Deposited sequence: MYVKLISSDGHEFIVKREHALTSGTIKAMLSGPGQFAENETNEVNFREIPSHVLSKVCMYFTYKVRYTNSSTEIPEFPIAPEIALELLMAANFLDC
């Protein structure tokens, strides 16, 4: 049911595997003939917690007939978040 995503600084993030599959990179890493844990040496916890929030948002609001709220991003995390989204392919 769940996967553990560990940030570069050692924080553990336990999310539903289905939610973490929102990332094309994580989906490929977990693919193939299981692995329940993924480390990210280059993504810090302030960024990885935000990526996990986006996974929840994507799964909740994709295909929903209820109006979608804005996914918020503070200016302080924007560049690092952009770099993580680009690597994770989500």
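- Residues of the deposited sequence missing from the coordinate set occupy a single block of positions, 34-39.
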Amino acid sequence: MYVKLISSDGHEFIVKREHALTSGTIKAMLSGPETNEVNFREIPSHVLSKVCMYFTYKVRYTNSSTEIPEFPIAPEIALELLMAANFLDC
From here on, numbers count along this sequence of modelled residues.
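Here, rigid core means the biggest group of C-alpha atoms that superpose within 1.5 Å across both forms.
- Between 68-76 and 21-29, greater CA displacement relative to the shown form is found for 21-29 when the structures in 7 other deposited structures of this protein are fitted on the core.
- Missing-residue comparison: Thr35 falls in the unmodelled set for a third or more of the other PDB entries checked.
- Just going by the entry, 77-85 versus 63-71 on mean CA temperature factor gives the higher value to 63-71.
- Taking the PDB entry as given, 36-44 carries the higher mean Cα B factor of the two stretches 36-44 and 50-58.
- Among the modelled residues of its chain, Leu30 has a C-alpha B-factor that falls in the highest third, as given in the PDB entry.
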